[PDB]
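Quick setup: the structure tokens below cover two forms of a single protein chain, split into structure 1 and structure 2.
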Structure 1
């Protein structure tokens, strides 16, 4: 989730002394190493206290005086303090220069401040006292982590869980045809019924039971429906001159069949039924008999 990094830049111990006053002076060279303690911001800085955000120490870097400003900074001259919590922005940093081979302090430093995730280094100096030392600090985010606390996670996906890439703010930007916060809801065919149509995959309008068409907006009439319509699934509402549950009964056998012959007037009597009114010199149920 994140790392606080500390790099040693330089040490200047001209006299090759210690914090007490003793020598590690042409007797011997100081075996200079660094101890680091990182905790919560303190308005009134304590010497002790637990190192809540991390503790660490370097192996022997150099002698009495060394300059690493033009050098790279490797596993030996730097300390990495990782963190899984949200970066609180504010911190209290304790950096100490120590001599190896009983161990005793050379110079002690403390710094209370505020820092945001950034690859850019912040140089800090210990100018007071006999021994002078420089160092640089920074807080960087781990891969897929965003925000001021290096706590916002975003990894691009094109699978079961989502189809998106990540913003500069670690916000999900949906792939074409996807929507929602997790970018896992497919965008249906343009015109697809909001009531009876649904997705699974982009531009694929799947019909609700009893609905049909390219847009799932047309009801399926009751099976066996002839001369009837529907507004709802399984309906079979008859058109003019049609009757019955399935709209199969002809209520206008007259306008259909035209049974009366030689210009006679036809009248209805219900399901497939008629009546003929015959002209001059005509007889029969269908006015077929002349005279």
Structure 2
């Protein structure tokens, strides 16, 4: 999600005094009060926590804490230097960044090779607001005897967006989405795709909303029983001749066509003209008729003469 980073820029402790007024090491040469015996072994402690309207010097470091190894003597300047792992403190976070925070930074002196313990040189504290940016914010602690400069920032981890580094967005072209990310981490769909995660293919222009569907953009796949470019037309019953459908597998007959498959001619007389030698045809049912034969003509079609 994100990272709160702090970089030490410079320290200035001309004499080599701690918070308690004493020197780093031993004796202070009388009169001029110069500390000469030894230089401080300066390291930095950092504590990051929830915003406090009224700052406390003690409390749990909610968002994180860390310390630098000894990075210098009494005085150092790293303001034109690059800044490495020894002079910087990284504090990662997975929660959404609240913007408001409380930061404690302290310069300390190492005393592990002696009988006395590690002691505080100076202590810095502030509460503020900071948004995710690559741009460093410089802070000076100069109120006391010892002064130090540090800079802080909050950056979003890869694929994280917004003011809290919480909005994840990584681009795709698979069964879960077809999209690119924009500057705000919003999903902009590829050509042919739609929907919140860009997983709906846009069909053929005019494709049936009720009988057509897509898997890939452009196409129009027909529901079973529908057909045509737009899946607009039903498929009639197989074996249906001289028949239409409204719904699939129907076979609703055309005029003068009867039966299950509209194979039977209800107007055989008109279609074939069967009676010969001046006979009169009359339809007597499906593929049936009868002939009224003139005198001297006999048979089903008046074909028997004399």
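Positions refer to the first chain, counted from 1. So that the term is clear: the rigid core is the largest set of C-alpha atoms that superpose within 1.5 Å between two forms.
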Hinge between rigid parts between structure 1 and structure 2 (choose from 164, 196, 37, 250): 250
Swing of the smaller rigid portion against the larger one between structure 1 and structure 2, to the nearest whole degree: 22
Value in Å for the CA shift of residue 233 between structure 1 and structure 2, taken after the core is superposed: 0.6
Rigid core superposed, the C-alpha shift at residue 260 between structure 1 and structure 2 in Å: 4.3
Core superposition result - C-alpha of residue 279, shift between structure 1 and structure 2, Å: 9.0
